[PDB]
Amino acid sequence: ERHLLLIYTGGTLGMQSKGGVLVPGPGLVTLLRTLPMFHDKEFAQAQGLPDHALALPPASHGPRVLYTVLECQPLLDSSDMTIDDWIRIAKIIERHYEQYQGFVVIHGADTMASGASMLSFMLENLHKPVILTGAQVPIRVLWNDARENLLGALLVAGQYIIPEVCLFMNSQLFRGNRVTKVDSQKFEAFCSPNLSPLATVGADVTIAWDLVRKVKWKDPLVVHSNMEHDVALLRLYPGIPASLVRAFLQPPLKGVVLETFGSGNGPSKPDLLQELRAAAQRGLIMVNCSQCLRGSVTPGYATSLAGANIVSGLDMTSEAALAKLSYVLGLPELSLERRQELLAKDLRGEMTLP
């Protein structure tokens, strides 16, 4: 037997109609009990299990999977989630860490990538799988992607030791701090542009063990509630004025991700470069990410953004850059020089160095 905690935070997976729109819907465990793929009634009575705990049917090989449903309240559309919400999820995982072998987090799709990236950083030295999942269609609608996404998440967390925050959707397991949302309607809503999926499910389960991170059994779980809240993302657009950038980078902002053009370039007009230099003097740290979905930031042009307090984001997703920035800036008592060194390392498998 392996035991999982299933943390239901909201999202379309469990929504219901009200006033002609989807809103978060309670009563998940009540529904899951009625579904044989999610709950084995025979086995429950045979072992007289606590009523709070569900049991998956037996799978082909391996151990049996039991899980407990923890329904947060209120439930949220993921568009409403913030660093504080992700911290609360991390703390749930921390409190219950020793009692469970893995975790699944039902989450809205709108910001799942940001959440996966955030939790990747908050959960330092993680030793157990934390699998985020969601759906484009609610589980109470007959024709949906929720059933198989939720089951897949539970089975992955239940059967494999992948000590990472991942995202499972549509038969694929992605490294969480490598995903981004590419489709607003299709079931294949997520993509991992600069890294292979960690796993694929088909006739057989294929796992890229060469990529999966190693359990650090000597080191304890350290949860970072100290995440800098004053970080932002700024997408450059052609002719963006210096005056607007000035306003954006005003105190109390401590860090910013600049999504630049192509291989990491921006306008070379002086008044704009002046504002970035000015913000560097105030102590602001800047990470340069590409607006492009695929590829890396690299030097090479006269228009490349580099210099005082600018760190290259290489091939990071913006969601990962923002989370890493929040993480590093939240660390206590470090020199700005040291903070920059950390931003330039691969801390959770989110960045590929050359």
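Start at 1 with the first residue shown and count on from there.
Between 93 to 101 and 190 to 198, the higher mean Cα B-factor belongs to 93 to 101. Remark: stretch with higher mean C-alpha B factor among 5 to 13 and 336 to 344 is 336 to 344. The entry lists C-alpha B-factors for 329, 311, 322, 53, and the highest of these is at 53.
Highest CA B-factor among the listed residues (107, 175, 216, 147): 216. When the modelled residues of the chain are ordered by C-alpha B-factor, residue 267 sits in the middle third. The PDB entry assigns residue 171 a C-alpha temperature factor belonging to the lowest third of its chain's modelled residues. Compared with the other modelled residues of the chain, the Cα B-factor recorded for residue 73 ranks in the highest third.
Sorting the modelled residues of the chain by their CA temperature factor places residue 274 in the middle third. The entry lists a Cα temperature factor for residue 252 that places it in the highest third of the chain's modelled residues.
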